[PDB]
Structure formats: structure tokens, C-alpha cells
């Protein structure tokens, strides 16, 4: 269908986030450069999404509904992933990675906000409050991560 481009961007982004989550969970201290590279892969997937979805025609009501569940799933994953990252603050700051993590999150927040805005423009107005809720979830979680890796 149409919705398929939207599905794929979502899968892409999900996969990148899953990768990052798995590495954060495995991480106990030491070299974290693979985590910063994981972060970059997420940002790249988000930016690619901007380009692929940009020219897309808006979704029908029933098309967008079919994507609500999947988006919620990735939004749960993003939330959990940020929490895991915050739980590894000690080791990361101890390794001197604090500033890089902060920056990577800041960059991620910007890409995410811009992607969610583009996406909201593609969903019918009756769903607008649901897009907003979904988009806030991500925004809040990243912000929470940014505050945690501050000073």
C-alpha cells in the first residue's frame, strides 16, 4: 500500500534504536565509541525518514490507524532505551563520555521533533491529538536524557 513507505521508515528507526538499546544494556564501562556510533545510526535513520516521507501524500484515516500500534511500540522502545542510558550515567561520565552523550541526544531531539512534525502533517486531523501524544512521549524522554547528562 502507501502506508508501506511509512512502515519501513518506522522499522528502520526501530532497528537502529534496538541496536542502541542492546549495546547500552551490555555496557558496563570502558570504551563507548560504539554507542556514539549507534546514536549516529539512529540520527541517520531519522534524517533518511525526513527525505522519504517528505514528498509523500497524506494518509487516509484507516491507513494512519494501521500505523498507530506500530508507532506506539517503537515509542515504548525509545522510552525504555533512554531510561537504560540514564541508568548507565555513572560509567559513561566516568569514561568522559558525558558531553558526547548530551550532544548526541540534543541532536537526536532536534531530528525527532522535525520528523514528528512532518509526520503529523501527513495524518488526518481527527488523529491530531494522538500524534501529539505520541510525539510528546519521545520529546519528553529525550529531554529527560538531556537533563540527566547535563553539567
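Numbering follows the first chain given and starts at 1.
For the pair 113-121 and 90-98, the mean B factor over Cα atoms is greater in 90-98. For the segment pair 46-54 and 66-74, the entry gives 46-54 the higher mean B-factor, averaged over Cα atoms. Ranked against the other modelled residues of its chain, the C-alpha B-factor of residue 82 as given in the entry falls in the lowest third. Looking at the C-alpha B-factors along this chain, the one for residue 143 belongs to the highest third.
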